[PDB]
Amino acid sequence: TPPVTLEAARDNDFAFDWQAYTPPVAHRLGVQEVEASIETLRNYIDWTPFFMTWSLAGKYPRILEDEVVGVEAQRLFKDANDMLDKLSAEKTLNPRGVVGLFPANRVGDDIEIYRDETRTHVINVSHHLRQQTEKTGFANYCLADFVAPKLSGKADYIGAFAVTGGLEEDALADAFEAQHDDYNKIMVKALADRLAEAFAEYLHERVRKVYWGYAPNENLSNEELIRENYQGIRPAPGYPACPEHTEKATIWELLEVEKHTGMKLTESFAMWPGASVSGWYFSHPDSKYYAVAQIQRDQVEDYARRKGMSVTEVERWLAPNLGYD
């Protein structure tokens, strides 16, 4: 599909009657350190990516009864849960996280995040990109579109989070490495990954039901959570609706992530521990995932201005999304 100008894309933003809508008010404004036990998180694990890591095809639980890999799958599942039992009893891998909710409003392709409900002083800006090709019967989406425009005068909110399967991951994996035990090195890293993703799922439910509080009576099964049968999204920097990784630095500042969790960012803006998830929370009922995809030089240069970066810097961070050489 052919490219459009930045202005043409913005003229085709997500269309919504903000005058008739009351964005749900965040019940708990502020930043809260959290933790979750392995016992708590194991009921929020999505096991299917675990089997994928072990190069086995099929959806859990059906994979256990499969005819070619079911026996192997059952053995992997037993070893995994045996290791979860031990990590749990010995408290040797300890999931940690932090959550925050803030007053927020959209301005253009960005989301202003305010110190307080006066909505004057901006403590941070969450910057977003916009789809920039010809859209047939649909908006040129930008994640900012799911927050009320400041011009509408509607009180709106944004959340963020960072969670990890635990700071101990490297020590446990490295010890299996020193033992030449590649099986259990793979296993403990796969389990840390499951616990991080389970914590992201559990904490998102906590946010919808309690911290933000717009779905207090939600009652979804784990399978329904895996199918994303809830209202709102938790998009993560680096993923297709917000591919620009340096926005993780804004999450780290907003939530004081390292102070509250021990989690760190690298020079490439990768998270440490490896088993880590971070992202935003959007409440809007029409919010959804999509791909920004390829963008043009006008949007790159505008993003650079808004970020305080040179055009050269932004072309490094957005290299995979450049629709030009």
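Start at 1 and count along the sequence shown; that's the residue number.
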item	value
Comparing 62 to 70 with 258 to 266, the one whose average Cα B-factor in the PDB entry is higher	62 to 70
Entry-level comparison of average CA B-factors, 47 to 55 and 24 to 32, reporting the higher stretch	47 to 55
Top Cα B factor in the deposited entry, candidates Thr164, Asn124, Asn217, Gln231	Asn217
Chain third (lowest, middle, highest) by recorded CA B-factor, residue given as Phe102	lowest
Cα B factor band for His128 (lowest, middle or highest third within the chain)	lowest
Chain-relative CA temperature factor third for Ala293	highest
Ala148 - which third its CA temperature factor falls in, relative to the rest of the chain	lowest
Third of chain Cα B-factors occupied by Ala175	highest
